[PDB]
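Have a look at the structure below before the remarks.
Number of protein chains: 2
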Amino acid sequence: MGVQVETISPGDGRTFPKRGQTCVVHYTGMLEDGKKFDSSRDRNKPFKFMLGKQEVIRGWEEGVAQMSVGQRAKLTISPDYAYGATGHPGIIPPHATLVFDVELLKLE
Amino acid sequence: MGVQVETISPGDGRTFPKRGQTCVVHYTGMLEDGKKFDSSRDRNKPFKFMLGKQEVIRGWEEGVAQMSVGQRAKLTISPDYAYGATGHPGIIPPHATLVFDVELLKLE
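Chains as they are written, first to last, in the UniProt record's numbering: chain Z, 1 to 108; chain E, 1 to 108.
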């Protein structure tokens with residue numbers, strides 16, 4: 001099923017992350033029931049990752065690439081695009097669909 | 001391939017974790033190249049988990065059950081018994097075999 005991107009608030013509509021750019025984001029990740037399992041907002045520190053390096057789940061690689069700079073969006077990511085059958089025991093159950101609220105602050 | 005348990009130092013040879021008991025352990029987890037990705041020792045705080053609850057990877061569920069109280073052992077865990085194809089991007093690569101040094105301190 002992959003990743004579905006639903007907007008929360010608009011970006012510039014013009015600047016989209018390209019391979020090798022560093023995306024600077026704030027995010028919150030929730031299980032399908034709404035339980036938060038991770039958030040950069042609760043650390044008060046944006047998270048950075050390089051697009052295409054696979055240092056985030058596939059749903060982020062392909063979903064954040066669809067966002068424009070400044071946009072906030074909800075990414076609903078099916079387990080094949082997340083942590084799969086094994087999940088991450090103690091944090092993410094097996095076969096978990098995840099929901100992330102992501103704001104793309106800037107590209108570096 | 002599952003989990004292989006190789007001893008490091010002996011336990012009592014008599015008391016093995018049973019379903020529903022809380023295992024109190026110190027551990028270090030390494031990727032196959034030896035890079036440490038997690039350790040309760042570096043937090044100076046033992047880790048507790050309940051056997052059979054799937055709050056640890058399958059290799060722990062089935063490998064720690066083979067340890068006796070007081071034993072320290074090396075668990076080599078193939079990806080199917082760990083984090084599988086997806087891994088945990090940014091921490092555990094896809095299809096990673098992991099090595100844990102685990103000491104079973106006590107059962108609660």
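Where is the CB? At the ideal position from N, CA and C, for every residue including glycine.
Let's test the definition: count the other Cβ atoms within 10 Å of the Cβ of residue i and tell me whether it reaches 16, buried, or not, exposed.
i	result
Z:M1	exposed
E:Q66	exposed
E:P10	exposed
Z:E108	exposed
Z:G13	exposed
Z:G29	buried
Z:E61	buried
E:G90	exposed
Z:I57	buried
E:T86	buried
With 8 Å as the threshold, decide whether the Cβ of residue i is near any Cβ in chain E.
i	result
Z:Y27	no
Z:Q54	yes
Chain Z beta carbons: is any one of them nearer than 8 Å to that of residue i?
i	result
E:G90	yes
E:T22	no
E:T86	yes
E:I57	yes
E:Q71	no
E:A82	yes
By Cβ distance below 7 Å, which residues in the same chain neighbour residue i in space, the five residues on each side in sequence not counted?
i	result
E:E103	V25, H26, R72
E:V69	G11, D12, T15, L104, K106, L107
E:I8	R72, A73, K74, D101
Which same chain residues, not among the five before or five after residue i, have their C-beta less than 8 Å away from its C-beta?
i	result
E:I92	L31, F37, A82, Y83, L98
Z:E55	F49
E:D33	none
Below 6 Å CB to CB, which residues in the same chain sit around residue i once its five sequence neighbours on both sides are set aside?
i	result
Z:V3	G59, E62, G63, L75, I77, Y81
List the whole-angstrom C-beta distance separating residue i from residue j, where the pair is believed to meet the contact cut-off of C-beta under 8 Å.
i	j	result
Z:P46	Z:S39	11 Å between Cβ atoms; not a contact.
Review point. Would you call the segment 75-82 of chain Z and the segment 91-101 of chain Z touching, i.e. three or more CB-CB distances under 8 Å?
Key: yes
**Study point:** Inter-stretch contact at 8 Å, needing at least 3 Cβ pairs: the segment 11-25 of chain E / the segment 42-62 of chain E
**Key:** Contact between the segment 11-25 of chain E and the segment 42-62 of chain E is present, because at least three Cβ pairs lie under 8 Å.
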